[PDB]
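**Student:** Sending over data14.tsv (TSV, C-alpha atoms).
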chain	number	residue	atom	x	y	z
R	639	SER	CA	93.44	80.82	101.68
R	640	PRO	CA	96.65	79.66	99.94
R	641	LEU	CA	99.77	80.83	101.71
R	642	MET	CA	101.42	81.96	98.46
R	643	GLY	CA	98.34	84.05	97.70
R	644	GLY	CA	95.26	83.59	95.61
R	645	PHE	CA	91.88	81.91	95.88
R	646	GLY	CA	91.68	78.60	97.71
R	647	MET	CA	89.09	76.26	96.24
R	648	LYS	CA	87.89	72.77	97.06
R	649	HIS	CA	87.22	72.30	93.32
R	650	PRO	CA	89.65	74.49	91.38
R	651	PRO	CA	89.78	74.58	87.59
R	652	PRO	CA	90.39	71.00	86.49
R	653	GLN	CA	93.70	69.86	85.10
R	654	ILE	CA	93.75	69.47	81.32
R	655	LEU	CA	95.98	66.56	80.33
R	656	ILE	CA	97.18	66.24	76.75
R	657	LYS	CA	99.20	63.57	74.95
R	658	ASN	CA	100.28	62.67	71.45
R	659	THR	CA	98.81	59.31	70.54
R	660	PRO	CA	101.73	56.90	69.99
R	661	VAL	CA	102.12	55.71	66.41
R	662	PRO	CA	104.17	52.50	66.13
R	663	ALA	CA	106.93	52.59	63.53
R	664	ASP	CA	106.34	49.19	61.90
R	665	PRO	CA	105.79	45.78	63.50
R	666	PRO	CA	107.79	42.68	62.55
R	667	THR	CA	106.12	40.41	60.02
R	668	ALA	CA	106.18	37.47	62.44
R	669	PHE	CA	104.18	37.92	65.62
R	670	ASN	CA	105.84	39.08	68.82
R	671	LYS	CA	104.04	39.54	72.14
R	672	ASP	CA	106.31	42.34	73.40
R	673	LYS	CA	104.85	45.82	73.61
R	674	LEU	CA	106.23	47.53	70.49
R	675	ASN	CA	108.77	50.06	71.74
R	676	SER	CA	109.51	51.40	68.23
R	677	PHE	CA	107.57	54.57	67.47
R	678	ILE	CA	107.36	57.35	64.94
R	679	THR	CA	108.80	60.58	66.32
R	680	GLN	CA	106.25	63.36	66.27
R	681	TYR	CA	105.00	66.40	68.14
R	682	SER	CA	101.83	68.43	68.10
R	683	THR	CA	101.17	72.15	67.83
R	684	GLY	CA	98.03	74.18	68.29
R	685	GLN	CA	96.31	77.20	69.73
R	686	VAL	CA	94.84	77.39	73.22
R	687	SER	CA	92.45	80.05	74.44
R	688	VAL	CA	91.42	80.76	78.03
R	689	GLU	CA	88.50	83.02	78.89
R	690	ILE	CA	87.90	84.08	82.50
R	691	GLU	CA	85.11	86.31	83.73
R	692	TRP	CA	86.09	88.27	86.83
R	693	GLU	CA	83.69	89.94	89.24
R	694	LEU	CA	84.94	93.34	90.45
R	695	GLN	CA	84.38	95.34	93.69
R	696	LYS	CA	84.38	99.06	92.73
R	697	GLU	CA	86.25	101.39	95.17
R	698	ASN	CA	83.67	103.65	96.92
R	699	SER	CA	85.81	105.88	99.16
R	700	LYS	CA	84.76	109.19	100.67
R	701	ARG	CA	88.42	110.13	101.08
R	702	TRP	CA	89.17	113.74	100.11
R	703	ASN	CA	92.86	113.06	99.61
R	704	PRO	CA	94.20	111.78	96.28
R	705	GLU	CA	95.19	108.14	96.56
R	706	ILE	CA	98.30	106.15	95.76
R	707	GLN	CA	98.10	104.61	92.30
R	708	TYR	CA	100.31	102.29	90.33
R	709	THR	CA	101.93	104.31	87.57
R	710	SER	CA	104.69	104.18	85.02
R	711	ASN	CA	107.36	106.86	85.18
R	712	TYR	CA	107.84	109.66	82.62
R	713	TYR	CA	111.68	109.46	82.49
R	714	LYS	CA	113.73	108.70	79.31
R	715	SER	CA	114.99	105.09	79.29
R	716	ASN	CA	116.58	102.62	76.91
R	717	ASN	CA	113.47	100.43	76.80
R	718	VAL	CA	109.81	100.80	77.65
R	719	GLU	CA	108.84	98.90	80.78
R	720	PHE	CA	106.71	95.83	80.00
R	721	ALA	CA	107.72	95.77	76.34
R	722	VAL	CA	110.27	93.93	74.23
R	723	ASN	CA	113.84	95.06	73.76
R	724	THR	CA	115.89	95.25	70.52
R	725	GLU	CA	116.47	91.45	70.89
R	726	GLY	CA	112.68	90.85	70.99
R	727	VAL	CA	112.57	89.34	74.49
R	728	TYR	CA	109.69	90.48	76.69
R	729	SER	CA	110.46	91.26	80.32
R	730	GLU	CA	108.48	92.29	83.38
R	731	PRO	CA	110.53	95.43	85.39
R	732	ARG	CA	109.09	94.65	88.88
R	733	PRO	CA	106.42	92.53	90.69
R	734	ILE	CA	103.14	94.50	90.77
R	735	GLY	CA	100.87	93.82	93.76
R	736	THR	CA	97.12	94.61	94.01
R	737	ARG	CA	97.09	96.87	97.14
R	738	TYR	CA	97.15	100.56	96.10
R	739	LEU	CA	93.75	101.87	97.18
R	740	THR	CA	92.90	102.37	100.84
R	741	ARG	CA	90.06	101.59	103.22
R	742	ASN	CA	89.29	102.33	106.83
R	743	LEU	CA	89.71	99.50	109.30
F	639	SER	CA	87.61	127.52	74.16
F	640	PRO	CA	88.65	129.86	77.00
F	641	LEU	CA	92.36	130.60	77.02
F	642	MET	CA	92.65	130.01	80.77
F	643	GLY	CA	91.03	126.61	80.30
F	644	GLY	CA	87.55	125.25	80.69
F	645	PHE	CA	84.34	125.09	78.71
F	646	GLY	CA	83.41	128.09	76.58
F	647	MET	CA	79.68	128.67	76.40
F	648	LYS	CA	77.46	131.21	74.70
F	649	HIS	CA	75.03	130.81	77.63
F	650	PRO	CA	77.02	129.85	80.71
F	651	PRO	CA	75.44	129.36	84.13
F	652	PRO	CA	73.66	132.61	84.93
F	653	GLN	CA	74.94	135.03	87.51
F	654	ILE	CA	73.07	134.91	90.81
F	655	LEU	CA	72.87	138.39	92.33
F	656	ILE	CA	71.98	138.80	96.00
F	657	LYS	CA	71.38	141.86	98.16
F	658	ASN	CA	70.16	142.72	101.63
F	659	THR	CA	67.01	144.80	101.33
F	660	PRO	CA	67.77	148.23	102.84
F	661	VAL	CA	65.86	149.00	106.03
F	662	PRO	CA	65.70	152.73	106.80
F	663	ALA	CA	66.62	153.67	110.35
F	664	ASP	CA	63.78	156.12	111.10
F	665	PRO	CA	62.45	159.01	109.01
F	666	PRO	CA	62.00	162.53	110.36
F	667	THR	CA	58.50	163.37	111.55
F	668	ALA	CA	58.22	166.24	109.07
F	669	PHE	CA	58.39	165.28	105.42
F	670	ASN	CA	61.65	165.50	103.49
F	671	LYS	CA	62.04	164.64	99.80
F	672	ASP	CA	65.66	163.48	100.08
F	673	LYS	CA	66.36	159.79	99.66
F	674	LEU	CA	66.80	158.58	103.26
F	675	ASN	CA	70.50	157.79	103.64
F	676	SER	CA	70.11	156.54	107.23
F	677	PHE	CA	69.85	152.77	107.43
F	678	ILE	CA	69.89	149.94	109.91
F	679	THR	CA	73.17	148.02	109.76
F	680	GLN	CA	72.59	144.37	108.99
F	681	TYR	CA	73.98	141.38	107.17
F	682	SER	CA	72.59	138.07	106.01
F	683	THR	CA	73.78	134.50	106.42
F	684	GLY	CA	72.63	131.28	104.84
F	685	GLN	CA	73.47	128.01	103.17
F	686	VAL	CA	74.05	127.58	99.46
F	687	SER	CA	74.11	124.26	97.63
F	688	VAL	CA	75.32	123.60	94.09
F	689	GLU	CA	74.63	120.34	92.28
F	690	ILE	CA	76.34	119.59	88.96
F	691	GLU	CA	75.90	116.46	86.89
F	692	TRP	CA	78.99	115.63	84.85
F	693	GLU	CA	79.11	113.33	81.85
F	694	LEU	CA	82.25	111.15	81.78
F	695	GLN	CA	84.27	109.55	78.93
F	696	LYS	CA	85.64	106.22	80.24
F	697	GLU	CA	89.27	105.42	79.24
F	698	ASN	CA	89.24	102.43	76.80
F	699	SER	CA	92.95	101.83	76.08
F	700	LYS	CA	94.46	98.64	74.69
F	701	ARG	CA	97.83	99.66	76.12
F	702	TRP	CA	99.71	96.78	77.77
F	703	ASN	CA	101.90	99.10	79.80
F	704	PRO	CA	100.76	100.43	83.18
F	705	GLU	CA	99.86	104.10	82.93
F	706	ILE	CA	100.86	107.23	84.79
F	707	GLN	CA	98.38	108.03	87.56
F	708	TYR	CA	98.01	110.86	90.00
F	709	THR	CA	98.95	109.55	93.44
F	710	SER	CA	99.78	110.68	96.92
F	711	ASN	CA	103.15	109.68	98.33
F	712	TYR	CA	103.71	107.17	101.16
F	713	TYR	CA	106.42	109.20	102.99
F	714	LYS	CA	106.14	110.44	106.64
F	715	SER	CA	105.32	114.17	106.77
F	716	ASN	CA	104.22	116.78	109.28
F	717	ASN	CA	100.78	117.15	107.68
F	718	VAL	CA	98.61	115.16	105.32
F	719	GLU	CA	98.39	116.73	101.87
F	720	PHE	CA	94.95	118.25	101.20
F	721	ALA	CA	94.01	118.33	104.88
F	722	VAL	CA	94.07	120.89	107.67
F	723	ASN	CA	97.06	121.59	109.85
F	724	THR	CA	97.21	122.01	113.66
F	725	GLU	CA	95.97	125.63	113.12
F	726	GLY	CA	92.89	124.32	111.23
F	727	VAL	CA	93.66	126.01	107.91
F	728	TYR	CA	93.07	123.91	104.80
F	729	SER	CA	95.68	124.06	102.05
F	730	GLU	CA	96.10	122.60	98.58
F	731	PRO	CA	100.07	121.13	98.14
F	732	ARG	CA	100.19	121.54	94.31
F	733	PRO	CA	97.99	122.32	91.23
F	734	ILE	CA	96.54	119.03	89.92
F	735	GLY	CA	95.87	118.89	86.17
F	736	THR	CA	93.57	116.42	84.34
F	737	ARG	CA	96.07	114.84	81.86
F	738	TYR	CA	97.43	111.55	83.26
F	739	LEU	CA	96.02	108.90	80.93
F	740	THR	CA	97.30	108.52	77.38
F	741	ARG	CA	95.88	108.11	73.90
F	742	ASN	CA	97.31	107.56	70.45
F	743	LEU	CA	97.37	110.52	68.11
Kindly return the structure encoded in the file as structure tokens.
**Tutor:**
Amino acid sequence: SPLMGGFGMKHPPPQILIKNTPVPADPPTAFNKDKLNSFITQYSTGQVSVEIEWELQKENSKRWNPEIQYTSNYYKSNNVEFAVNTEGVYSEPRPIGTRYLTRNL
Amino acid sequence: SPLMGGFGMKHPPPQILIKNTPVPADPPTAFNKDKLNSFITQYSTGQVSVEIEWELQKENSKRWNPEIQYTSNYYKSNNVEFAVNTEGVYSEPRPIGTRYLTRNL
């Protein structure tokens, strides 16, 4: 299991490598055997979509007590947590972990 | 809808009425037309079970923000909330309502 947390896999999701194909600017009219360092400056843009299916383990506790849950707070604030501000920059308030429910040992 | 909250029904669950059948102590040997007020003192005991099936409406929010949830608190206390104390008497800490999730208007 990775020490920073997560799922350790022998064969994780493969790396996806992407490159703009070099387009030479224009060769000299007489032949030259050197490797054509002059190129047309360009960049690419696009859309990428990732779809992951996750299997869940539903909590099945017989505990009578109400449990601890992650919640937002109902107190007036300048900004909404996990939103954008007046500038338009999105920010995340605190690091949310996954351990809120309980189980017996 | 009932003003104290709940589901108003024309035909709610019917009342279940229960009574110990009176057992007369012992009648006089000569006949008397009066209605036999002398009885054997007795009480009944038993087990009662109630089974209710509830239909649920699953929350289907597209809200990015984490929501407010009912939770117990992780702070050291003399007793566990919604448990028994050293005496053995069960108590309920506060009145829990049903409105914690959110919807658009």
**Student:** Go through chain F residue by residue and, counting all atoms listed in the file, keep those with an atom at most 9 Å from chain R; for each kept residue give the shortest atom pair and its distance in Å to one decimal, ordered by chain and increasing number, as CSV.
**Tutor:**
residue,atom,partner,partner_atom,distance
F:702,CA,R:720,CA,7.4
F:703,CA,R:720,CA,5.8
F:704,CA,R:710,CA,5.7
F:705,CA,R:709,CA,5.1
F:706,CA,R:709,CA,4.2
F:707,CA,R:709,CA,5.1
F:708,CA,R:707,CA,6.7
F:709,CA,R:706,CA,4.2
F:710,CA,R:706,CA,4.9
F:711,CA,R:706,CA,6.5
F:712,CA,R:706,CA,7.7
F:718,CA,R:703,CA,8.4
F:719,CA,R:703,CA,7.0
F:720,CA,R:703,CA,5.8
F:721,CA,R:703,CA,7.5
**Student:** Mind giving me the straight-line distance from CA of residue 684 (chain R) to CA of residue 651 (chain R) in Å, one decimal?
**Tutor:**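 So the two atoms, CA of residue 684 (chain R) and CA of residue 651 (chain R), lie 21.0 Å apart.
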**Student:** One decimal, in Å: what's the spacing between CA of residue 658 (chain R) and CA of residue 676 (chain R)?
**Tutor:** 14.9 Å
**Student:** Would you give the centre and edge lengths, in Å to one decimal, of a box along x, y and z around the listed atoms of region 727-740 of chain F, with 8 Å added to each side, as lines of an AutoDock Vina configuration file?
**Tutor:**
center_x = 96.6
center_y = 117.3
center_z = 92.6
size_x = 23.1
size_y = 33.5
size_z = 46.5
**Student:** In terms of the shortest atom-to-atom distance over all atoms listed in the file, which of R:679, R:737, R:730, R:717 is closest to residue 659 (chain R)?
**Tutor:**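 Of R:679, R:737, R:730, R:717, the one nearest residue 659 (chain R), counting all atoms listed in the file, is R:679.
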**Student:** Closest to residue 681 (chain F) among F:642, F:694, F:668, F:661, using only C-alpha atoms?
**Tutor:**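 Ranking F:642, F:694, F:668, F:661 by distance to residue 681 (chain F), first place goes to F:661.
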**Student:** Could you name the residues that touch residue 677 (chain R) at 8 Å or less, counting only C-alpha atoms, but leaving out those on the same chain fewer than 3 positions away, as a count of residues only?
**Tutor:** 6
**Student:** When you count only C-alpha atoms, which of these residues is closest to residue 683 (chain R): R:728, R:722, R:671, R:657?
**Tutor:** R:657
